[PDB]
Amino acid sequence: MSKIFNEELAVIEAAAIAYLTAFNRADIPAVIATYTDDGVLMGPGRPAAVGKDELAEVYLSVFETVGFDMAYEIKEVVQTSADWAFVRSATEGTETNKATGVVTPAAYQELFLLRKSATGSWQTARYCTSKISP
């Protein structure tokens, strides 16, 4: 009957979710901490942010400008080798502009490329998010 989930896939998914929950709390240090030191963010309206200093600067600007209220869904979890994996997610909910106060619907889709650190921890090496709507 039962489907058992590979223990390493469970730990990998938990690493992607650690980001999504930190992001939805707008907790920037928790967000930064999920990335490898050479991590890259590719998001809409901004060129790639490379490394924790550039990452911090982008997320600071995002949470200054906009408030997100989002639910996530995990779409796939795949381990491609001992130290590498990917996760695909989708988030949806609302976006509030902090200047104007205007709340609008928002949906995104995300790809995490995860790498297992030398001490056994899964971290986001590369991350891409695209806006589905509006």
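Start at 1 and count along the sequence shown; that's the residue number.
Please place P44 in the lowest, middle or highest third of its chain according to the CA B-factor in the PDB entry.
Within its chain, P44 is a highest-third residue by C-alpha B-factor, going by the deposited values.
Quick check on the deposited entry: does the C-alpha B-factor of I17 sit in the lowest, middle or highest third of its chain?
Lowest third.
Relative C-alpha B-factor of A56, binned into the chain's lowest, middle or highest third
As the PDB entry reports it, the C-alpha B-factor of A56 lands in the highest third of its chain.
Please rank the C-alpha B-factors of the chain's modelled residues and tell me whether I32 sits in the lowest, middle or highest third.
According to the entry, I32 has a C-alpha B-factor in the chain's highest third.
How does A107 rank on Cα B-factor within its chain, lowest, middle or highest third?
For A107, whose C-alpha B-factor we compare with every modelled residue in the chain, the answer is the lowest third.
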